[PDB]
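Read on for two forms of one protein chain; each stands alone as structure tokens, with the labels structure 1 and structure 2.
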Structure 1
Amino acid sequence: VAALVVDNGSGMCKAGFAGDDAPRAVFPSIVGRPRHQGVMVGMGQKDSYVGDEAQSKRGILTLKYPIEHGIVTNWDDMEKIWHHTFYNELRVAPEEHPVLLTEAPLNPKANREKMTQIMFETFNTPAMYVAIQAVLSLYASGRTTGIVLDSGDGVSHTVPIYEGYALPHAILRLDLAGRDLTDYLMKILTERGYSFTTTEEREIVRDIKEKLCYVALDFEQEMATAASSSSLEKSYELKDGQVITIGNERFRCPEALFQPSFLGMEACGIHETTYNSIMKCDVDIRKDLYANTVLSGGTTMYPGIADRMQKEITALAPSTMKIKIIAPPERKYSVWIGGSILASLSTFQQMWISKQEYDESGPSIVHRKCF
């Protein structure tokens, strides 16, 4: 009776049971295998580790990240992750539950079949379904039409959705997201007089980012304030107790989203990318995109991002056009929550792909149950 919802991000996998309001399991999308084939004073039988213990045992393992930029690049590694998710994390029997999986926008048709092959042939699922991540965000906020900007660890997308379906032609991919900011934050702190470089120092910066960074409504004016007073300054409590002082870096960091030239990127800016997608849609539905611009993914979590978006898009739009930005406080797990709502609706119960349907049609049935 209870469905499983598995949202596979580049950074973190989020897993749990449909109907819950949050995932039970959140862990790094990392598979680790022992370097050196045969030999070891390794352990029991474990030819693989997933998530945190792979991270803990980095020193004996070669680590892989199977889902780079939202797209799977190794199905063997991906299978290790799903295996870990069902048995180690949720502790359920795959063959007992229908399972809903997510995918990145513009996911190659090959991969969509592979996802379905593995779910039925490897994990013997009674039923399953595949959903575009961005679409689930929109659903989570009670909408079926709108544009969502979904920005995570590895990639960002603006995705125009009309009446339940993503519009492939107007999907823009922005090759900039969370880890470009982590890196950028390291750069500007180094400049200040501190030093972060080692992949453990990274994880420290990443914590600062998620805790202290924010978006200023007026960036220039905020730079002016930070330069002529120490009122914006905060000091961060490190592990080894070295209390570090961070000023205008707090807001110059998320600013990169709006001014990718800060990253040596000639690219566009989240607000302008959003505008360009809206413009790629038919004149007659644009209004609905404007009035329903949804934010999702950890990288949209900076306080002040919504009002700024609102202002930046209004500056690009026509007059009087109703620009509404939806940034719910839970938006980090909007994709998952959306998944949870959908799969737990009774009207969804016949939407599933059943084992029976797979046995006759094969991997390619997934195309018929989507776009």
Structure 2
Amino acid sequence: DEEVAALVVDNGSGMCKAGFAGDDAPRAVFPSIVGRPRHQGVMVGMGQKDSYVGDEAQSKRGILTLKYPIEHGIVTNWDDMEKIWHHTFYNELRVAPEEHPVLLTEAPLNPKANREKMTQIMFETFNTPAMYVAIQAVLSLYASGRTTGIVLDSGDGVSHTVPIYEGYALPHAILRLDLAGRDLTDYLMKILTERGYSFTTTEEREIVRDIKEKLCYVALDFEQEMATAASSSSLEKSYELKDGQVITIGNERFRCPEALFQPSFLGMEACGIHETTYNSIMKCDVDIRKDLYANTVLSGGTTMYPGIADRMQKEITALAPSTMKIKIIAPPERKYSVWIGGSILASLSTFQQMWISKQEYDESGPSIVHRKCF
């Protein structure tokens, strides 16, 4: 049916995912980074590379000063963001944007002007024939095969709880929590260095991430777990640096992600992801709360810790009404569920009328995004 393959671009704080609508996985996934040379160029006018994007900026981070154009889920540097999209189209996907409708993602509650800037860049710089900006949380719910539920999305720069009913999101019930994977990696660095090791440099942080994504987990009960670690040596695991040396980690394994439930460990006074989810549900209309409790979906890389689903189930229960059915959904590929939701949506029949056409943009201006998107 579809005359053209739509492109799906999920921009995140740490990783951007890109691909073609219709596919079940994104073709390209790389760091949302843009780097420039630390050292001044000796010659002028010889077209040498000035800016490095994604994996190439990573494979050369040593001689570059890196920038993250997306922080806390919000675009903060539009020149570099433009570079990431240019790189996505021409370097990763090898497509000409003017030949494809492009579906992009953004975080809820983001500045109005960013939504318009995105739309302007897509039409005036890349000349796309059509485009749309959708809320990440919503695509994740869709990828789970649901139109009803509350999504807890936790990435590298931010976390949001987004209540969704019969297909649409409830704007006023959406909550934002400035605590994500980035903060967790830094915290893991800290406590491990207190264990005796020494992780302070940027080159080190990189290995502390693998540890985190592979050795960390969410204890069902923090105190019992801490007790077991202080007496029993059964919760320790091994890890080897790039020097072949092996270093064992103990309670740090579950102490790191515990910050997700007790932000005070990071000096933050915000309430954990369980309380934030509850506060969102209670911000909803009592008539639908029951529905949300039974369809709490996990989305994003930081919700990948083993044991997080069962811990969430336990925490939410103690907060919800006794006779309130609680259920946590943890899709296996929730690391790319937002991209997958986009893939699905872009192919939907009732969604086609939603795309913002070049014609609509030409007649209504940037503000068209608010009417057709939000």
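Between two forms, the rigid core is defined as the largest C-alpha subset superposing within 1.5 Å. Numbers follow structure 1, counted from its first residue as 1.
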>> Superposed on the rigid core, does the Cα of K311 end up 2 angstroms or more away between structures 1 and 2?
In response: no
> Is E330 among the residues whose Cα moves by 2 Å or more between structures 1 and 2 after superposition of the rigid core?
Replying inline: no
>> Using a rigid core superposition, assess whether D284 undergoes a CA shift of 2 Å or more between structures 1 and 2.
In response: no
> By how many angstrom is the CA atom of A140 displaced between structures 1 and 2 after fitting on the core?
Replying inline: 0.5
> How many Å does the Cα of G42 travel between structures 1 and 2 when the structures are matched on their rigid core?
Replying inline: 10.6
> If you line up the core, how far does the Cα of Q356 move between structures 1 and 2, in Å?
Replying inline: 1.4
